[PDB]
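We give structure tokens for two forms of one protein chain below, kept apart as structure 1 and structure 2.
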Structure 1
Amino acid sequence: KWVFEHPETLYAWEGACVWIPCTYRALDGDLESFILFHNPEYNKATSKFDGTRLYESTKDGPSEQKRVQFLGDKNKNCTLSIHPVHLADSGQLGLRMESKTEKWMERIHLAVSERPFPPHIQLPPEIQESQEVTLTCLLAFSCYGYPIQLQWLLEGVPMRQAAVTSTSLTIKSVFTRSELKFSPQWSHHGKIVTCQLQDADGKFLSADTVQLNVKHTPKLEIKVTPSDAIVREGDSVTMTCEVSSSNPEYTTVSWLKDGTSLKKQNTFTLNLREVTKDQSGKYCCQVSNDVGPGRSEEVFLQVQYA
């Protein structure tokens, strides 16, 4: 029973580095030899592991200027460092360990892409206007030798809101995260948000893009005929209610005169026939969707005597 604790799969790209936190417990006790293979192959005939050796405790254990470094010890630490990492390093890292009475091979998968891979934006399934939402950008990479930055963009412009970067680099998980808190408005709907990955000097590396879907109450434009909203008694007045933006789709419409609802006016058009001076006042329409009700600007109807 050999117990190992490591991220089990590490990601990087050509020219960057990888840092592999690793602890272990050998019930047999202290180690006597350590070999780090790359893509180790097992020889059934000789009962030994063949393949490329990247580190040997007998030979490489040094000059401090070495691409592959073993940073652990013969006890409880198996931390590895490859700086820089190459596409040829991609595959199986085989930690060939031997205790006094037993030998163990612990494999750690290393996935290296030729170019930087994009980050991943995670956002809640329902985003509503005027509620603080945290956008999360997640990159499955973090290495000391290669500092990086995550940059938020809105329609190609750097976003005003401060974003907070945090990095995990543990036996459990390796990532770089950026969280941006902002309250979206109805105008943010349909816009694109970009999370840019940059190196320490701001050089563009990769990016992920999402188009925002922001729920909002209906936004309305009211129009009146005649346009000046001034009529004599007996004339006819027509007011229409137009939905400029609504997410999701609107479901009901109502009309109000001076704060009181006009009964049986449940269409997007209000027709006042043979108007009396009574019907002067302030008019508006209200359109509701699943998010809530919206109201248009008020129209001041002036019915002048005779």
Structure 2
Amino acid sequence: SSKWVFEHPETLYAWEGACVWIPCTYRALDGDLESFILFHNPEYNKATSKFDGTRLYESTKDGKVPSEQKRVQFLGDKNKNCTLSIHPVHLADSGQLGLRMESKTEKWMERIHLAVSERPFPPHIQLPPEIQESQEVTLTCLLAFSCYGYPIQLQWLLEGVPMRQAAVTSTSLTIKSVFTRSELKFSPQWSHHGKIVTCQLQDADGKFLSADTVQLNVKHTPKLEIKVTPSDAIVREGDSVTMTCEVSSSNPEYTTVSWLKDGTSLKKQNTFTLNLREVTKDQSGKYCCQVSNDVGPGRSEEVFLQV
């Protein structure tokens, strides 16, 4: 009994004040249409074996001459298209819509769910699983809404400030999926680790509607800071010098630590402190530590000993 076959999304989302555009097609194997009624939450009376409830559209009354001012409009034909449109949609419209249709001696009822919330629902940011420094990533912000009579826009904010990188916004309004996607590419620095990325929903005039925030987990090599005593780095032979190596940032945590004298690894220096108890003249160069993690080896600044 596959007499009727409808192609449309199973659920359409919107909010109070906006509009909703419902794509819909059908194929009636039993000729063209004779009547089309649009119920809101129809209740089937088991006694009379008919459908009751508030009728939002009747093809025999408010659809005999299309009014163009109608809030609820049927944009379809007699045997193919059942695209509905409520502009503006209200909270009292949220529910289950019924597409009661009749042809020659047979009739059919079709359900469409219309979820309308009082406030604009937030979008959603889809992050890559591993974000690493100097590697371009594509952040995806999706929104399960798109209507013609109410244009929207998605805005990317980093740390509460718009991002200079351009985005690409695309909308799909088909019988399969309805959404507004905005993708943004940018090469993250190590400092972006722990920073907040926001995707804001705004109308045509740019008024804030909703948003979704995330915190970046940017892998990076250990950024190091080196200290030396004395600060002036001046000494005589035999006297002591101490250098310290402090990991200021590393994602993930560090693994090994070694020291370098003009690019030469001093052996047995597996700690963050470099003690030169009795110095000479042949030393006196440029020192730096190397701390690594899963990401790789990170190097600190250079200090001129010069003795």
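Counting starts at 1 with the first residue of structure 1 and goes up one by one along its sequence. Only the largest set of C-alpha atoms that superpose within 1.5 Å between the two forms is called the rigid core.
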Rigid core superposed, I'd like the Cα shift of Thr217 between structures 1 and 2 in Å.
0.8
Could you tell me how many Å the Cα atom of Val237 shifts between structures 1 and 2 when the rigid core is held superposed?
1.1
Would you mind giving the Cα movement of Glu98 between structures 1 and 2 in Å, after fitting on the rigid core?
2.3
